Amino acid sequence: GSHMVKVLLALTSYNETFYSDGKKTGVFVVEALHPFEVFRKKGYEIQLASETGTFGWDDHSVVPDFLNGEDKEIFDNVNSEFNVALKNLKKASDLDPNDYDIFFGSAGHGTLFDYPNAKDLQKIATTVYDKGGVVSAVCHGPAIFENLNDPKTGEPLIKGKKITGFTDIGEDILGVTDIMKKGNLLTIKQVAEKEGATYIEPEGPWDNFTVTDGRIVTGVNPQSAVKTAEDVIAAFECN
């Protein structure tokens, strides 16, 4: 690949105390880092963006269990391409949506708050989709498809499409189900129901699992982020 292919790697802008233990949600590190690295190694240019130009990390995603090895080295090295890209992160409205050929929604629970109304990021997604690009997200990232009509059809972009994303049971295990129900924050299954999509549930909540429906590619969880990016490449190229 070349820098003529530009990936819009979307991050959530929501960064607030969220969990019962008082920790914050925000961007789940490896859901940005893994796809960044997959696309970088492929040769694409990657532009990070959030709806405000600001972000913070999900506190649960920076712990040794989830951030270790070469990932952590990249994260800690201020001169890594990943960190250069974070410094170059832009507010979505400051970008030209026509510049991008792939849209990839990184997540973390923060996305539940902003992605459904992130109209500038959403416009980049539909612009990408409507010119024959690939639109993708991992984990709660598919919240980007909530309230999102495809200009070419006048119907929800994922109407009649298959997607996956973070499981309902996963929300129980993380202790955020009640928080979500009180905030009218929709699980990805619920997003599919709202939009007339079909949610495909992985066998287990932590499985490395993706779904490709034409040029829509989704994955379940942090464990699926690499595969989601790889399967974006598969869907995007002929190769």
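The first residue of the sequence shown is number 1, and the count goes up from there.
The stretch with the higher mean CA B factor, choosing between 69-77 and 128-136, is 69-77. The question of which stretch, 145-153 or 106-114, has the higher mean Cα B factor is settled in favour of 145-153. Reading the B-factor column for the CA atoms of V30, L48, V176, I188 in the entry, the top value corresponds to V176. Within the selection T228, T12, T17, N221, the deposited Cα B-factor values reach their highest point at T17. In the deposited entry, the Cα temperature factor of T198 places it in the highest third of its chain's modelled residues.
Sorting the modelled residues of the chain by their CA temperature factor places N98 in the highest third. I163: CA B factor lies in the lowest third for its chain, per the PDB record.
The entry lists a Cα temperature factor for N184 that places it in the highest third of the chain's modelled residues.
In the PDB entry, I169 places in the middle third of its chain by CA B-factor.
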